[PDB]
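Colleague: Structure, please.
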Amino acid sequence: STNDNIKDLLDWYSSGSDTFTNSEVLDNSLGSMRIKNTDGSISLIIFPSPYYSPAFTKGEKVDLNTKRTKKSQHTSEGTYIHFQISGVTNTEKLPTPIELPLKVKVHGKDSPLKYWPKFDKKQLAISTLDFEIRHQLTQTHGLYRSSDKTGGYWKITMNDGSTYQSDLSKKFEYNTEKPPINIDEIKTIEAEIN
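Modeller: Residues are numbered from 1 along each chain as shown. Next up is the structure itself:
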């Protein structure tokens, strides 16, 4: 039915995500950060974009709404390391949680939402939003499970008119990812499956 590329996408988006709040920056180099999570584990997260280069310094607190690149490890020194990519923002919370205006259209027909979570963070990395949206599409709307649901896009429109969008037939371009956005400044989020 589907082609090998769609199978890669399905595997990536069907899996969950790693979530850690109030993590602390242990080190910040070009393209990566070493973070100590409150539970003890270390997170070594890579940032392949010049447009999104985290400037948090040692000691600063961050939130991780990232995704793992490979299996976690137990090192000889008894440390537990996570290997993730992107998904680092500040710890600012919204006064009250808000539900983002998501509209899905499958083959032109409006498809209702199921289990769409409310958010409480002031800012979320675009990569985080990408998988939240895509995960909803894969688990509730069958995206990537059959050849008749393998294309489309999602578009986020900001209060000021600027838009962000990703092509649902390709993997998210981490390499050119823009900085996290204030979710309370989002006008609409549209997703369409071809």
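Colleague: Make sure residue 105 is actually in contact with residue 190.
Modeller: Yes. Contact criterion C-beta atoms under 8 Å: residue 105 and residue 190 qualify, at 7.5 Å. All C-beta atoms are positioned from the backbone trio N, CA, C, and that covers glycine.
Colleague: which one of these two has more residues nearby?
Modeller: residue 190 (18 against 15; other C-beta atoms under 10 Å).
Colleague: Quickly list what the more buried one is bridged to.
Modeller: residue 103, residue 155 (DSSP bridges).
Colleague: Contact partners for it?
Modeller: Residue 190 sits next to 102-103, 105, 154-155, 157 when contact means C-beta atoms under 8 Å, 6 or more residues apart in numbering.
Colleague: Top of those residues by number of neighbours, please.
Modeller: residue 154 (23 neighbours).
Colleague: ok but residue 62 is inside a strand, no?
Modeller: Yes. Assessed with DSSP: H, G, I helix; E, B strand; the rest coil, residue 62 lies in a strand.
Colleague: and it, what is it in contact with?
Modeller: Per C-beta under 8 Å, 6+ apart, neighbours of residue 62: 22-25, 35, 54, 56, 88-91.
Colleague: Would you mind listing the outside residues contacting the longest helix anywhere in the chain?
Modeller: For the chain, the helix with the greatest residue count under DSSP state H is helix 126-140. For helix 126-140, the external contacting residues (C-beta under 8 Å, 6+ apart) are 10, 13-14, 16-17, 52, 65-67, 85-87, 89, 102, 104, 113-117, 143-145, 154, 156, 164, 166, 168, 172, 174, 177-178, 180-181, 189, 191, 193.
Colleague: redo that, cut-off 6 Å
Modeller: Under the contact criterion C-beta atoms under 6 Å, 6 or more residues apart in numbering, helix 126-140 has outside partners 13-14, 65, 86-87, 114, 143-144, 154, 166, 172, 177-178, 191.
Colleague: tell me the two of those that are most distant?
Modeller: For the contacts of helix 126-140, the farthest-apart pair by C-beta to C-beta is 114 and 178; their separation is 28.8 Å.
Colleague: Compare those two (neighbour count), which wins?
Modeller: Using other C-beta under 10 Å as the criterion, residue 114 and residue 178 rank with residue 178 on top: 13 against 9.
Colleague: Can you tell me the closest non-neighbouring residue to the more buried one?
Modeller: Once flanking residues are discounted, residue 178 sits nearest to residue 51: 5.1 Å by C-beta to C-beta, 6 or more residues apart in numbering.
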